[PDB]
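Asker:
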Amino acid sequence: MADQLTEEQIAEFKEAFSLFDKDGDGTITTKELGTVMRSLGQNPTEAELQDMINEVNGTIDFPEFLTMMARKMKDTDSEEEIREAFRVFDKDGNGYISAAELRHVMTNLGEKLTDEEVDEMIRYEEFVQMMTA
Numbered sequence: 002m003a004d005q006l007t008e009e010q011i012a013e014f015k016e017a018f019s020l021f022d023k024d025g026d027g028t029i030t031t032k033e034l035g036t037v038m039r040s041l042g043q044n045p046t047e048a049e050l051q052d053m054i055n056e057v058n059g060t061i062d063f064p065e066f067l068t069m070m071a072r073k074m075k076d077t078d079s080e081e082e083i084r085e086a087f088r089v090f091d092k093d094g095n096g097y098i099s100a101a102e103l104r105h106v107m108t109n110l111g112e113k114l115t116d117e118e119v120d121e122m123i124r125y126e127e128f129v130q131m132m133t134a
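In short: position in the sequence shown from 1, add 1, done, that's the numbering used here.
(1) By the three-class DSSP mapping on this structure, what secondary structure does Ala48 have?
(2) Find the nearest neighbour of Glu8 within the set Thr133, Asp93, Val89 and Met74, judged by alpha-carbon distance.
(3) Determine the extent of the alpha helix (DSSP H) in which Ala3 is found, giving its start and end residues.
(4) Once you ignore the five residues that flank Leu103 on each side, which residues in its own chain have a CB closer than 6 Å to its CB?
(5) Could you tell me if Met132 is buried or exposed, where buried requires 16 or more neighbouring beta carbons within 10 angstroms of its beta carbon?
(6) Just curious, the alpha helix (DSSP H) that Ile83 is in, first and last residue?
(7) Report yes if the C-beta distance between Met53 and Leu34 is below 8 Å; otherwise report no.
(8) To the nearest whole angstrom, what separates the beta carbons of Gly27 and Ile61, a pair I think is in contact under 8 Å?
(9) Which residue comes first and which comes last in the alpha helix (DSSP H) that contains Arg39?
(10) Just how far apart, CA to CA, sit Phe21 and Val89?
(11) Suppose the cutoff is 8 Å on Cβ atoms and the five residues either side in sequence are ignored; what does the same chain contact list for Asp120 look like?
(12) Restricting to Cα atoms, I'd like to know which of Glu118, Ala134, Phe14 and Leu6 is closest to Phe63.
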């Protein structure tokens, strides 16, 4: 699931990975992975380091690094995108002004959807959270 990743994000993370590593391949012991995470600016605890080691004997391959960063940055980007898109519907109102106002935008647009299904699901962010669950 590398599609949730941004081109600039993957470029920056590859740049950091290339700067951290020494001569040779990127496969070094898990202590190197922990130190790279510390240098990247993140605050990974011992449990996060253990999970990253288990995901990847002391070989940090670019695919495994990309996968662990994919899951982490994907959770982070999902949270950030939810927070940003909470204010995406600026035309409906200032903030969650009316249930009918949001329902009109959600039913007149969004996807090929059934008119009665939107009303049934109604009975802003709460609807998105319910749909995600």
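C-beta: ideal position from N, C-alpha, C; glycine also.
Answerer: Looking at the coordinates:
(1) As a first step, residue 48 must be located in the sequence shown, where it is residue number 47. Residue state, collapsed to three classes: helix.
(2) On the sequence shown, residue 8 is found 7 positions in, with the first residue counted as 1. Measuring from the Cα of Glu8, the nearest candidate turns out to be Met74.
(3) The sequence position of residue 3 within the sequence shown is 2, counting from 1. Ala3 -> no alpha helix (DSSP H), and no H or E assigned at all.
(4) For the purposes of this step, residue 103 is taken as the residue at position 102 of the sequence shown. Counting only Cβ-Cβ distances below 6 Å, and skipping sequence neighbours, we find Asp93 and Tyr125.
(5) Translated into the one-based positions of the sequence shown, residue 132 becomes position 131. Counting Cβ neighbours within 10 Å, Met132 comes out exposed, since fewer than 16 surround it.
(6) Reading the sequence shown from its first residue, position 82 is the one you call residue 83. Start and end: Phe63 to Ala86.
(7) As a first step, residue 53 must be located in the sequence shown, where it is residue number 52. As a first step, residue 34 must be located in the sequence shown, where it is residue number 33. Contact flag set, yes.
(8) What you label residue 27 is simply residue 26 of the sequence shown in a count that begins at 1. What you label residue 61 is simply residue 60 of the sequence shown in a count that begins at 1. Their Cβ separation, rounded to whole angstroms, is 6 Å, which keeps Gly27 and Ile61 in contact under 8 Å.
(9) Along the sequence shown, one-based indexing puts residue 39 at 38. Its alpha helix (DSSP H) spans residues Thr31 to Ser40.
(10) Position 20 of the sequence shown, counted from the first residue, corresponds to residue 21. Position 88 of the sequence shown, counted from the first residue, corresponds to residue 89. About 38 Å.
(11) As a first step, residue 120 is located in the sequence shown; it is residue number 119 there, counting from the start. Hits under 8 Å: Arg104 and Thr108.
(12) In the sequence shown, residue 63 corresponds to position 62, counting from 1. Here the closest residue by C-alpha is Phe14.
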